[PDB]
Amino acid sequence: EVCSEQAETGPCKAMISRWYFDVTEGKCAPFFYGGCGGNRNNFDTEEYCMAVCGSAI
Amino acid sequence: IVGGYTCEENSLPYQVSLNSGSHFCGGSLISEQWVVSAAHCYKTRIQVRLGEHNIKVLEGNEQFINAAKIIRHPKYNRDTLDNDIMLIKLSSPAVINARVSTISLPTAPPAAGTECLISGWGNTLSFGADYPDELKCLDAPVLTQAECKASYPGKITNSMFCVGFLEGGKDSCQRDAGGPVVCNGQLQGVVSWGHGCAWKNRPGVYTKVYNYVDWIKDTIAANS
Ligand SMILES: [Ca+2]
C-alpha cells in the first residue's frame, strides 16, 4: 500500500526533508520532498515513519 | 539550476535565500521590507538571507533577518498549484546597498521570445543530486502560451507561464522554488513547478508575477 510507494519528490521545486519506508532496506530513509504532490510514503520524522511502516513496532 | 552558469558575485543583489533548518527556497527582494516567493514554500518560521553568494561560507556581506509575517495568496490551491505566490515581511528592514537591492515589479506581462534570467541554488542535475554552494544563473526565453499548454495539457492556469527550452537540458530544479525570473529589469516570474527538471517537452512553470501587482501593493500597505 502506502508503505511500498516510491519516494516521490513531486512537481514543486522546494527542498523539504522527509522520510519514506524503503522495502529493500526494510526500514525508513530520508528523502527531499518538493513541497507538493507525491504520495503518502512521506513522513515528517523517522520515528513516525517506522511507527506506521514495516517490522513489528 | 540545470545547465546554467555561476553568477558573478555582485550580480543579483535582489536574490534571497529562505532558511528554516537550512536553505530550502529562493525569493526576490522587492523592497526594504518585503520579499516575494512561492506559496508552496510556506513555513511557519523562516529566516531570510540577503547578499548571499556562497550559502555555506560567511562572506561578510550577508544580512540575516527573520520573517515577521508570511502571507500566502488567499486563493492558492495545493492540488492545482493555482496562485502559487507568497509575500514575506522582514522583521527588520534590509539595508539597501551595492550587494543587497530591490528588483522592479512588472509593468507589463511577459512577452514570448524575451530572454530572461533565472537564478538560484537549485539542483544542477536532471537525474541525481548535486546542490551548489554558489548561486547559479540561466538565460532562457519566455515560451508561447500554446507551447506551455501543449506541454502540460489540462494543467496550465491563468497564473502560470513557461520559460525555457522544449529540447531540455536547461531548466530550474529543486531548491530553486520561490526564486526570480527577471526580464529586462523586471521580476516576471516566481519559480514554481514542472514535470522533472530539464526534461524534453517539460519546460519549467512559473507564477506570472504581473497578475499579482495590485495584491502585492495592497498587502504591503495593509501590513505597514
Ligand atoms: Ca554566504
Side-chain angles (χ1 to χ4, degrees), chain A, chain B residues 1-2 17-27 37-43 46 55 72 76-82 84 86 118 120-123 127-129 131 152 155 160 171-179 181 189-199 202 204-207:
Chain A
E1 189 38 42
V2 340
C3 283
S4 43
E5 208 72 310
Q6 280 173 63
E8 284 198 64
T9 103
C12 292
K13 301 187 184 169
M15 215 196 47
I16 300 150
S17 250
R18 330 211 69 152
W19 297 83
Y20 78 104
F21 186 85
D22 196 292
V23 326
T24 311
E25 319 302 310
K27 70 168 177 192
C28 283
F31 82 108
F32 291 117
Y33 182 44
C36 70
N39 57 54
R40 309 109 99 197
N41 199 5
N42 187 340
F43 303 97
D44 202 56
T45 65
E46 164 160 31
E47 24 283 328
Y48 187 61
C49 176
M50 277 306 305
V52 177
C53 295
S55 307
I57 166 154
Chain B
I1 304 302
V2 174
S17 160
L18 309 193
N19 187 303
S20 202
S22 43
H23 176 84
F24 71 95
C25 266
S37 192
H40 80 255
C41 290
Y42 178 84
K43 266 168 178 167
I46 298 185
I55 51 171
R72 280 162 304 205
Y76 169 56
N77 182 127
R78 70 170 129 257
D79 297 326
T80 55
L81 300 178
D82 209 7
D84 185 24
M86 174 169 80
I118 313 186
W121 285 279
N123 195 351
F127 319 87
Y131 297 91
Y152 300 97
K155 294 169 169 181
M160 315 179 187
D171 200 0
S172 56
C173 212
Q174 272 64 30
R175 223 167 62 161
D176 286 322
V181 182
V190 179
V191 179
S192 181
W193 69 277
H195 197 267
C197 302
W199 297 10
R202 301 286 199 179
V205 181
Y206 300 81
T207 305

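Sequence lines set the chain letters: A, B, ... in the order given, protein chains first and strands last, and positions in each chain run from 1. What's counted below: heavy atoms across the whole structure, side chains too, no hydrogens, waters or symmetry copies.
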What part of [X] gets closer than 4.5 Å to chain A, counting heavy atoms only: side chain, backbone, both or neither?
| X | value |
| --- | --- |
| B:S20 | neither |
| B:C25 | side chain |
| B:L81 | side chain |
| B:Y131 | side chain |

What part of A:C36 gets closer than 4.5 Å to chain B, counting heavy atoms only: side chain, backbone, both or neither?
->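 The answer is the side chain of A:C36.
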
Using non-hydrogen atoms only, which part of A:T9 is less than 4.5 Å away from chain B: side chain, backbone, both, or neither?
->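 The answer is the side chain of A:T9.
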
B:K43 vs A:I16, side-chain contact (heavy atoms from CB on, under 4.5 Å): CA-CA, chis, key distance, verdict | CA-CA 10 Å; B:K43 266 168 178 167; A:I16 300 150; 4.3 Å; yes

Does the B:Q174 side chain pair with the main chain of A:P11, one donor and one acceptor, at a distance under 3.5 Å?
->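 No; zero donor-acceptor contacts below 3.5 Å.
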
Can you see which heavy atom on A:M15 is nearest to which on B:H23, and at what distance?
->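 Looking at all heavy atoms of both residues, the shortest contact is CE-O, 3.4 Å.
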
Pair A:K13 + B:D171: basic N to acidic O under 4.0 Å |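 A salt bridge is present here (some side-chain N lies under 4.0 Å from a carboxylate O).
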
Sort by residue number and list every member of residues 22-30 of chain A having a non-hydrogen atom under 4.5 Å from chain B.
->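 Result: none.
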
